[PDB]
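Trainee: Protein chains in written order, with the working numbering: chain A, 1 to 56; chain B, 101 to 150.
In this text, a Cβ means the ideal position worked out from N, Cα and C, and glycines have one as well.
This is the structure I want to talk about, given as structure tokens.
Okay, here's the thing in structure tokens:
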């Protein structure tokens with residue numbers, strides 16, 4: 001929500017997940033893991049300790 | 101003479117959580133970065149609030 005953020009706004013990100021019609025496939029794993037990764041707009045691969053950057 | 105003696109309990113001394121501090125300097129505002137993990141690498145920890 002509201003993509004103009006100045007500096008100091010701790011702002012929640014919202015993720016809505018829905019498994020597809022291939023929910024019938026595996027079913028012996030009941031958990032899967034969701035890495036949220038962070039890219040710069042110009043450059044790539046911000047390291048996950050992420051100082052002077054997004055803190056989470 | 102209610103003697104409840106010799107309850108030979110063994111107690112452990114190992115603080116299970118471990119906190120690392122990092123002080124990010126900034127102009128007129130300040131940031132704390134906090135790395136939290138277990139003591140030893142086979143006993144995992146649940147956390148509730150900080």
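With contact counted as at least three CB pairs below 8 Å, one residue from each stretch, are the segment 104 to 114 of chain B and the segment 41 to 55 of chain A in contact?
Mentor: With a cut-off of 8 Å, the segment 41 to 55 of chain A and the segment 104 to 114 of chain B do not count as touching, because too few Cβ pairs lie within range.
Trainee: Do residue 138 (chain B) and residue 144 (chain B) have their beta-carbon atoms positioned less than 7 Å apart in this structure?
Mentor: Residue 144 (chain B) sits at position 44 when you count from the first residue of the second chain. Residue 138 (chain B) sits at position 38 when you count from the first residue of the second chain. For residue 144 (chain B) and residue 138 (chain B), yes; Cβs fall inside 7 Å.
Trainee: Got a sec: is the Cβ-Cβ distance from residue 51 (chain A) to anything in chain B below 7 Å?
Mentor: Against the first chain, residue 51 (chain A) aligns to sequence position 51. At least one chain B Cβ lies under 7 Å of residue 51 (chain A).
Trainee: For a contact meaning CB atoms closer than 8 Å, what does residue 47 (chain A) contact in chain B?
Mentor: Counting from one through the first chain, the residue named residue 47 (chain A) turns up at place 47. In chain order: nothing, as chain B lies at least about 13 Å away.
Trainee: Tell me, which residues are paired with residue 133 (chain B) by DSSP?
Mentor: Counted from its first residue, the second chain places residue 133 (chain B) at position 33. The partner list for residue 133 (chain B) (beta bridge, DSSP) reads B:122.
Trainee: Compile a chain-ordered list of the residues in the segment 124 to 141 of chain B whose CB is closer than 8 Å to at least one CB of chain A.
Mentor: Residues 124, 129, 131 and 133.
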